[PDB]
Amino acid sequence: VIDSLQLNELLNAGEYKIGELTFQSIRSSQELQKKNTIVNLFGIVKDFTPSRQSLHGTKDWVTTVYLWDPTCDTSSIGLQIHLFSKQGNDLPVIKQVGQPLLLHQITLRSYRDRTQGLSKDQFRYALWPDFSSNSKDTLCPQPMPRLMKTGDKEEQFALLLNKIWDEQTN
């Protein structure tokens, strides 16, 4: 079982592994890159926009989230990520800021001088409750087609992320 110190060392390495997946810390993901890359992310939802249908283009279902982790500062909102779906509205249903969110298969690219995340068509995700909340229904029912089965390792990471987020925002 990991504690907050190990979590921080993990993140400070830029790239880190949890189970079978390799993630990129939010801060490193914010680094401006010339060429797009595909990554996995695990952070706290610092802000979000409820799912809705795009008005133009292919009109995909879309939800925006701002992901944060201990490598950014309480002052930055984090990495802006647009999650899309062309297979119905099966996007993460987020209820409040503070929820841990794990994203699998997110394209990182440059836009207006900032790195932005764009979900791959087949992206997957895991969403946790905002543990630090008094409310007990922070994690509502989620659509199934993009859900990832997770275990205790990811559970601890989520618990720690939320805790740190809370200590730094409370």
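Note that residue numbering follows the sequence shown and begins at 1.
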query	finding
Given 119 to 127 and 23 to 31, the range whose Cα B-factors average higher in the PDB entry	23 to 31
Mean C-alpha temperature factor, higher of 92 to 100 and 68 to 76	68 to 76
Chain third (lowest, middle, highest) by recorded CA B-factor, residue given as residue 63	lowest
Entry-reported Cα temperature factor of residue 112, expressed as the chain third it lands in	highest
Record-listed C-alpha B factor of residue 52: chain third	middle
Third of the chain, ranked by Cα B-factor, where residue 105 sits	lowest
